[PDB]
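> just the structure for this:
(11 chains)
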Amino acid sequence: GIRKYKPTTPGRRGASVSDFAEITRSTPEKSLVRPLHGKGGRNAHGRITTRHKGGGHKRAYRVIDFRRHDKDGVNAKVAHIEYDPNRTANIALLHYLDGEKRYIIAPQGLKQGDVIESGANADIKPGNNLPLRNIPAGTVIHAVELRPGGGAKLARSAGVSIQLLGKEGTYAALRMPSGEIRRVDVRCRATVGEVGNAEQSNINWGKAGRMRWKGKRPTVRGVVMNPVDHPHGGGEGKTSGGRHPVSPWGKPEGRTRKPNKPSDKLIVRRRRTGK
RNA sequence: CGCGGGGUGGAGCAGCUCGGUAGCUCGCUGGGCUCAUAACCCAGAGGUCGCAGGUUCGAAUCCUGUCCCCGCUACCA
RNA sequence: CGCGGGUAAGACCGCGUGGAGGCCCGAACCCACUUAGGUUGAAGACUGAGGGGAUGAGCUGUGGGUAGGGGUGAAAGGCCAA
RNA sequence: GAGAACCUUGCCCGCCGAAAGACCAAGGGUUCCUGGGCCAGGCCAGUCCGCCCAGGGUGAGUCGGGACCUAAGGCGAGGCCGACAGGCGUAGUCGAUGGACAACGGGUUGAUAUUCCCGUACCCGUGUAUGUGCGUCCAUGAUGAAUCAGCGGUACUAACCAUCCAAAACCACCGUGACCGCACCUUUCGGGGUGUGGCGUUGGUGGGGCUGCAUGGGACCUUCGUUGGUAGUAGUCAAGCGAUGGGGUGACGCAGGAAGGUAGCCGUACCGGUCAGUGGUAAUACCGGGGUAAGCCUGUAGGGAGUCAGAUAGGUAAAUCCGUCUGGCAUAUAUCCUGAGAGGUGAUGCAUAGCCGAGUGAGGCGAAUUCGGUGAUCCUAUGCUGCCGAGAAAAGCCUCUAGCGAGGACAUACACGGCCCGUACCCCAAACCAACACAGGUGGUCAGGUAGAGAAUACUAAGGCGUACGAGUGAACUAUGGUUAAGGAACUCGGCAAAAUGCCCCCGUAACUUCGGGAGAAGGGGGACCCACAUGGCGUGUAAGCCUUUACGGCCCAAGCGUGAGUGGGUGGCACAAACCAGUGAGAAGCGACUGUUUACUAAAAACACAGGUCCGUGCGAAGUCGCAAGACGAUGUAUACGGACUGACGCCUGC
RNA sequence: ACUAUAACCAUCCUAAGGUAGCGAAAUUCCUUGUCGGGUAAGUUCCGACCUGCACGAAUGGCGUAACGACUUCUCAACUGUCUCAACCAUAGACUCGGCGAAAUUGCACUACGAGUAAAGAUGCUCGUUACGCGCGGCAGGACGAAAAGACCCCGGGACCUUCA
RNA sequence: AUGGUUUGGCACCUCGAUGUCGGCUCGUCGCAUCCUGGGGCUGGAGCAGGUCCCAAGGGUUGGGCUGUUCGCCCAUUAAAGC
RNA sequence: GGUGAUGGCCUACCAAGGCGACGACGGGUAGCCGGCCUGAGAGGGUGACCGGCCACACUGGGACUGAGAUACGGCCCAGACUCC
RNA sequence: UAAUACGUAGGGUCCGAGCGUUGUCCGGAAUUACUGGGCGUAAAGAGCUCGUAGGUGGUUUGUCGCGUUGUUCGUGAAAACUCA
RNA sequence: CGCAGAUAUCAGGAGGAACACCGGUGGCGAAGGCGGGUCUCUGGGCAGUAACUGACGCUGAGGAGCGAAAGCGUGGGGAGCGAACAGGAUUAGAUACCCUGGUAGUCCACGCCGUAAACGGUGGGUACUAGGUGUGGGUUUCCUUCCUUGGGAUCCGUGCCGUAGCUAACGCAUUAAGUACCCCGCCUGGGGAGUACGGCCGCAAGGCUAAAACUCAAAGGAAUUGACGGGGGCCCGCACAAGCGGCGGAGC
RNA sequence: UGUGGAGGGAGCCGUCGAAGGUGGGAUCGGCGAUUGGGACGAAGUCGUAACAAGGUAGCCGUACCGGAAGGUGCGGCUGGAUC
RNA sequence: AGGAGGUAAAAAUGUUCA
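Numbers count the residues shown, from 1 in each chain, chains lettered A, B, ... in the order given. Right below this line is the structure:
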């Protein structure tokens, strides 16, 4: 859930934090911990490509198994539920009965001791991973592959889920969290249930420093930049831009999806706005 | 420092010069409906955007002084 | 968190423990608000006196990266070897 | 000395003393030391010098680095991409600011010292010798295994049974492709219409034997598995090293105390010594000392950890290792590990206050060295607790087997090798960056005392400076400080600047409030010294006592040491937070919510950011961005995410 | 129905005609608006009115506790800020010794008045005044020094914007 | 008609620099005299004035508001000069 | 200790209690009663004369004297007012 | 414009050294209802429950005698009121 | 809205909300209120038995809880409906009725709010006082078909009617507004005003508590008679309709 | 026998102490530019909300909107007419 | 006796004492 801080400081007035309640262990599993280093939003050239990134608390990568293909029929038990800074969701440490230890996305309803099944002959329970050919319609799923073997791409964030609407042929229709309906090969695998830590959205981070810890550098508005820096720049006194809204590189608002894409035929219905 | 700008029946608005300026709504007058307004009928009536000048025959109409409430008047050092 | 009160159980109240905080005062440290001086300076941007922050969006060392219509910029058109 | 304010010596005085002391790094590069010099330099002079000349000087297995490890990042075989140039990047290889790794004390020189010497250690390697001593070949065991037939289950399919289905199938029905009878009606008749008997059942309907399809149950041979011994033989294993591989560790944040300790400091037993020409003070006073490391022992406080057996392939192969699962056994002042520190040893040494003469400085002798107290920002501690923002890798070490394997392990003694670079000197500065011997800047380590909360501030020790133009002189004037009658903002754009407030403990504290604050609100009172309460209380803790598992045990505890706080009484002064240090406060409005950021060098702000909000985009090598492209960031993320725009806590709202 | 305004109405145009709330505002020219408060006296400040030159709802509106080296106003205390200035010391200034620059500089035994003049004269005219040379001081002039005026214009650039 | 202080007109020196308003300080000058002084006329009874003439010796306040000059106001003054 | 006398009446110490919705503490008003007026009575209102009690004597405070003191025509102080 | 309601006259009436008015209190007012009210629509049933304090309490035996009741004593000053 | 292929029709899909018929003077609940089905958990009631305790009861100031709808917050969702809003229409004007759309909201989760014609405008408990008639739940019993919602007796409910009694009347009338007891809440003329000030609660909206000045001589309740109705029913009239002829326009 | 000694007093000091002063609050009123609503008023303006189905039945609560009555939505009541 | 639903669109006001 959520712990609302008390207003002992102005940087804590309306602030909130997670009550790390479904979490059981403060420490991660060392074998599954790869290192990480910040980039600063900078690429191989050393140049800012994505702005508003840097500083940030040090982090370490928990090796998640988004590709749960090699443990079919080999059950596991959720040994722990842990915090992952790399993602909004929490992560569940599973002990496979063959001795393999792995991390997953920690769906809702999942606790220590819950037994996780993988494969076609698995039960339709939270945390169980199956092909969509074996998952029935109207089911709530997460961590879906876009391609067989490609690994889970979809419905990975906290509180989020995908609704499997139907299967017609070798294509399963999926209502996505954005509302977009799209087709995906039934061979693609999905984890049953909805992702946990859905309370995450309702956190008030209270102060600038907290997002500086999360690695979000300050976002400056164009209207207070100079015209050399931003199209919206300039003006004596405040301005609304002096023109229609654009990016700092002058690209206007509007659809940036490349047309004539391969996914256009798999997509059934783009998401909706305003309604 | 300096520049600018439409006027028309009682009110509000239209109408650019083949030779008239007028038309709409409201208002007003007379009648009717009602026991007595509004809505109906009109014989309905109603004005020279003020004078000067046109090439004027004649200009509300075009041009200048005036006709004058007019949006913008702004010398930035 | 504990104790006590209270309750049907609570919410809640009090006492303690506990030691949070872009919390307070204030040295180092970092800044640079005011003022005086300097203004052929002691100094190509300082001194003195006060001043602000001072566990944090902190300061700092070492090493490294981004390069010119480009970088970087909590955005002043500021900085990129006076 | 030719020459002296400046050089040398001595004595005074003064300054710093979280530094103006001591040590490093970076940087500089010989500036270090000795000797000599003095036309340049030094803001004067100069006998001096960081200046000039010459000569000398930097000694490491353990320090800091390489030979060990990797991070960011860089180069980058091949490679990909790119018109060429080249951009990226894999494997790799570099790359500390980090990881790992063995040393401490004292002495010495004119200059070096964890480097040399002395003493005592430690870490790698090497050879020889010796001894315990397992092993191979001998022997020894642990051993377990392929053949056959007997039996329980695969049940080729010969088929057996059940369930389901109709390929075709008898009967009657609905009306019939058209026609063949009976019957009735219609444009004037014609080309038509209605009920039904047969034909075809175009098709559909309801009961039915049969047969043929599919599924399941059993199940011959075929075939899998347990006994029957040839064959506990062919075979394996049993020293040790063991990985370039597997696994574990290495391996990590921030804050916060508390506890135990130590250094350090203050005293003190004890030792040695002075009389510092003053009124008193000979021991009763005063001064000085009142030390000694690593390492080896020990293994305390604190902290941490279940163990044994079996099974298992998950860890590219194998694993006795790691995981995982099963059980059994334990909840232990048990065991193990870690570990400050105490104590012992190191140390019959070394060092020292001082004493002897010697006086350039060569030496020589050398006392006591107990008790407490206080007390760290250091150690235990990479701990413990808590929290979220969720906190490097690799080597190394350990282990596993694969593998190697006939010699090998361990111990002792002796003898040996331990490489390269740095090491002088300055290092908050006169030696670095600053054009200067520049009031600037420069990261880290030591952190004495008395007061004090304190690393502030004052004074001071050790130690180091008086830092390089001076001597004078009551001018104005300027600067910096100081004081000021009466008044008290009248000054002035403006209370600018100054002044004031300022500490501790008590009391008491408003509007408003987001209930946290406002608030140190405001506004007041006390504060010194002496005595007594007080041989008190508190802390500590000795002796003594008590208990015990007997030890580095515990409890208590006279004394001793330290130490407040308060009450009462008294004393003195103008004054008691006496100096230094050290909030001014209140009301109201505007702006911005706030902490922060900003125009290095005239603007710190109402500007930026901020959390929060809305909109838009993005379905994922996304969108967006750097790039010609590859590729990269985004993101090792996946719409509760990411990017862009505007707004900018919060409240009421956000109309056309 | 006194007056005043105008709840109300008519008409024209519009895509729609500014709602809530605010309002001489960081926005109000007129303007020191008017009224009130505070003051002895207040172009500032506070409150209020609304005749909004030219507020206005995320270029957010109206408020807001707390915060602010912000801005504005007031008050207490405090004071040399002032009435109104005096005194002391120190560092300079001054003197002696020593070293020893600088910007600047067409010259020079470089007066004042009233004039004249490229219209503001040390330098010209007519007069007046003035022994020569220094030292400390003040800063009225030398249109003083410095910087080939940044304002203005002309010419040319640069960067920025855009339905060039 | 004076004067040359206002707003201006001209654009004559100065754009290889003539620094601007207001205040502070220091003043100096003129008189077109605010006070003080002398006087004429008066619709000057007296007090007090009005107007004109002569007169520039001296004096000509402190505050609130405003950057302000100016102005308004407060108290005063012999007067609160231009 | 003090009183004439009991008692926090006062004091040192000790304990932490005491009062409050049955209205504490506060605010307002008021001298109380016998009685008076009204009213069928209950009740309501009132507190003049007369009589009893209390309180006060310019305001506030204080004691002294005395058997006895709010000591009107007594004292002390302070304050306001009036007068020399 | 025909006033028994105004003003005046007569006349009448109620009081009578008084008469009227005003003010205040009670009554009437069963209009805060104890005696002595009410709450469907007149004002009035809490939106409904739970339940604290409180109020209230079925049948019965015994007891206490608190309430209650009887009696007596003392007091209830005098004056008042009432009776004579 | 369509003519860019709407409406309509067929098929498929998505999603939301509400649950036709059953379903009513019916049932349950303290009230609010509760209606698709199933499961789970759970509360209350009624009858019978009379085994148990043995007056433990009733009410309940304050207080606490529950408390329709709207509304508020946060987060989802959002088909239909739909304040506001926008057009259209009507209208003298129409910020409305009507139409077309349509936002919040209605929905879910957690919480605030705490009101309503929250009404039976009727507080709770108990006892008694004529009956009739329906209906719901349960117990029994008698004709017996031994069929049996055939009837009766009784307890609990819920309705209609009707006595006595009560009531101003309307009406209530064994589900009292009767007869009586206990307890609570509330009233004391209408306005001002359930408003201000203060306080409490609340994010807010607002709620709760709750006046005074001033003002009126009434406000009110029930019922009667009339009148009236853009209420109804029945009936008439040159009233309309069907016709004929005129007036209004000319002159007099 | 003596300016003797208890003892007492003046004076002085101290506690308490009125008045006074300082301070910050509480509480009760009055005024207050402007401003809100309430009551009354001949005869004024705008509309017609309610009473008859008052011409959209009204009213309760809530919310929103609107010159004003008021309108609309949600839920509720009948103190609602016709059949 | 037995048995669906309807339509009238809008259309205001009324000085005096009474």
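> could you use CA atoms for every contact and neighbour count after this?
Will do.
> how about the residues of the stretch 151-275 of chain A near RNA strand E?
Near RNA strand E, the residues belonging to the stretch 151-275 of chain A are A:227-228, A:231, A:238-240, A:243 when assessed by C-alpha under 7 Å from any atom of the strand.
> filter those down to the buried ones, ChimeraX style.
Buried members of these, identified by 16 or more other C-alpha atoms under 10 Å, are gathered into one ChimeraX selection as follows:
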select /A:231
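> now, which of the residues of the stretch 151-275 of chain A next to RNA strand E lie within helices?
Here DSSP state H is the test, and those give no hits in helices at all.
> and of the residues of the stretch 151-275 of chain A next to RNA strand E, the nearest to residue A:43?
Compare each of those with residue A:43 using C-alpha to C-alpha and the shortest gap goes to residue A:228, at 23.7 Å.
> pull up the gap between the closest one and RNA strand C, please.
Using C-alpha to the nearest atom of the strand, to the nearest Å, one obtains 5 Å as the distance from residue A:228 to RNA strand C.
> now swap in residue A:138 and tell me
Computed with C-alpha to the nearest atom of the strand, the distance linking residue A:138 and RNA strand C is 39 Å.
> so that residue sits right up against residue A:162, yeah?
No. With contacts defined as C-alpha atoms under 8 Å, residue A:138 does not count as touching residue A:162, sitting 9.7 Å away.
> which bits of the stretch 1-150 of chain A sit near RNA strand I?
Taking C-alpha under 7 Å from any atom of the strand as the contact definition, the stretch 1-150 of chain A meets RNA strand I at residue A:138.
> ok, now which ones touch residue A:77?
Neighbour list for residue A:77: A:94-97, A:112-116 [criterion: C-alpha atoms under 8 Å, 6 or more residues apart in numbering].
> how about the helix or strand that it is a member of, which residues are buried there?
Element membership of residue A:77 [criterion: DSSP states H and E] is strand A:76-82. In terms of neighbour count (16+ other C-alpha under 10 Å), strand A:76-82 has its buried residues at A:76-82.
> try stretch A:87-97
Applying a neighbour-count criterion of 16+ other C-alpha under 10 Å, one finds A:88-96 buried in stretch A:87-97.
> what is the burial count for residue A:21?
Taking other C-alpha atoms under 10 Å as the neighbour definition, residue A:21 ends up with a count of 10.
> distance of the residue most central in space within chain A relative to RNA strand E?
Ranked by distance to the mean C-alpha position of chain A (C-alpha atoms, centre = their mean), the top residue is residue A:157 at 2.9 Å. Distance of residue A:157 to RNA strand E, computed by C-alpha to the nearest atom of the strand: 26 Å.
> ok, that residue - contacts?
Residue A:157 makes contacts with A:87-89, A:195, as judged by C-alpha under 8 Å, 6+ apart.
> for the stretch 101-250 of chain A, what spans make up the helices?
Read by DSSP state H, counting those that start in this stretch, the stretch 101-250 of chain A holds these helices, from start to end of the chain: A:208-213.
> in it, what residue comes closest to RNA strand E?
residue A:239 (3.8 Å; C-alpha to the nearest atom of the strand).
> might you report the residue contacts of that residue?
Listed by C-alpha under 8 Å, 6+ apart, the contact partners of residue A:239 are A:223, A:232.
> repeat that for residue A:211.
Contacts were defined as C-alpha under 8 Å, 6+ apart; by that measure residue A:211 touches A:205, A:217.
> next: residue A:35.
With contact taken as C-alpha under 8 Å, 6+ apart, residue A:35 is in contact with A:59-61.
> so how far is RNA strand D from it?
Taking C-alpha to the nearest atom of the strand as the measure, residue A:35 and RNA strand D are separated by 5 Å.
> what does residue A:267 give?
Separation of residue A:267 from RNA strand D (C-alpha to the nearest atom of the strand) stands at 6 Å.
> could you do residue A:79 as well?
The gap separating residue A:79 from RNA strand D is 8 Å, by C-alpha to the nearest atom of the strand.
> what about that residue, distance to residue A:253?
Using C-alpha to C-alpha, to the nearest Å, we find residue A:79 at a distance of 47 Å from residue A:253.
> residue A:174 now?
From residue A:174 to residue A:253 the distance is 28 Å (C-alpha to C-alpha).
> the more surrounded of these two?
Regarding residue A:174 and residue A:253, a neighbour count based on other C-alpha under 10 Å identifies residue A:174 as having more, with 26 against 10.
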